[PDB]
Amino acid sequence: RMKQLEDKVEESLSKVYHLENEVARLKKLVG
Amino acid sequence: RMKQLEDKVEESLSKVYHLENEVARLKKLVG
Amino acid sequence: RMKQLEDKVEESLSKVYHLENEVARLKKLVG
Ligand SMILES: [Zn+2]
Ligand SMILES: [Zn+2]
Ligand SMILES: [Zn+2]
């Protein structure tokens, strides 16, 4: 379970980091 | 405690997957 | 270690919520 939890939260931060980059670009392109 | 963490972890991951979907749609819509 | 995982999960959720608000604003202004 601990591995399971560490892996899922890592995955979460990695995808969150990536979406922040995408949102930052859309924001610039937009208004 | 560990169980309530898993709960938050799985919830965060689900919302991240949804956001990915929202962002793919926005990137296409905005171009 | 449990506390580091809890910090990470909370940061993960904070970012997620924040991205939901950013996406929500983009969608309202996009159209
Ligand atoms: Zn992407
Ligand atoms: Zn949505
Ligand atoms: Zn922001």
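Residue numbering restarts at 1 for every chain, and letters A, B, ... go by the order of the sequence lines.
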Determine whether B/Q4 and C/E6 make a side-chain contact, defined as any pair of heavy atoms from C-beta on separated by less than 4.5 Å.
no
All heavy atoms of C/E20 vs all of B/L19, minimum pair found to be CG-CD2, 3.8 Å
Highest number of heavy-atom pairs under 4.5 Å with chain B among C/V23, C/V9, C/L5 belongs to C/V9
Return the option, out of B/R25, B/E11, B/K8, with the maximum number of heavy-atom pairs under 4.5 Å with chain C.
B/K8
Using non-hydrogen atoms only, which part of C/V16 is less than 4.5 Å away from chain B: side chain, backbone, both, or neither?
both
